[PDB]
Amino acid sequence: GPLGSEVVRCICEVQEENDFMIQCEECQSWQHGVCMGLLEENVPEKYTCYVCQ
Ligand SMILES: [Zn+2]
Ligand SMILES: [Zn+2]
């Protein structure tokens with residue numbers, strides 16, 4: 001994001017993407033779905049990350 005904020009900002013603090021990334025509706029950064037306790041089939045349309053929820 002602006003001011004060079006990290007696009008991948010997950011609780012695991014790993015920047016590398018995997019096969020299932022999800023974008024927070026509030027802060028607009030991305031997390032690994034598995035870190036957020038989610039699966040492809042249960043991530044909601046209005047997903048909010050660990051920081052923002
Ligand atoms: Zn993660
Ligand atoms: Zn967020």
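Values quoted throughout were computed directly from the atomic coordinates according to the rules given, and no laboratory measurement underlies them. Here the Cβ is made from the backbone with ideal geometry for all residues, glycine too, and neighbour counts use every protein chain on show.
By other beta-carbon atoms within 10 Å, ranking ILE11, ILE22 with the fewest at the front produces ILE11, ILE22. Taking 0.36 nm per residue of sequence separation and removing the Cα-Cα distance, the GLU16/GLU45 pair yields an extension gain of 8.1 nm. Largest first and in whole Å, the equivalent-ellipsoid semi-axes of segment 10-53 read 14, 13, 9, each the square root of five times a Cα gyration tensor eigenvalue.
Relative to the Cα centre, the charge distribution of the chain, modelled as +1 at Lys and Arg Cβ and -1 at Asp and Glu Cβ, gives a dipole magnitude of about 200 debye.
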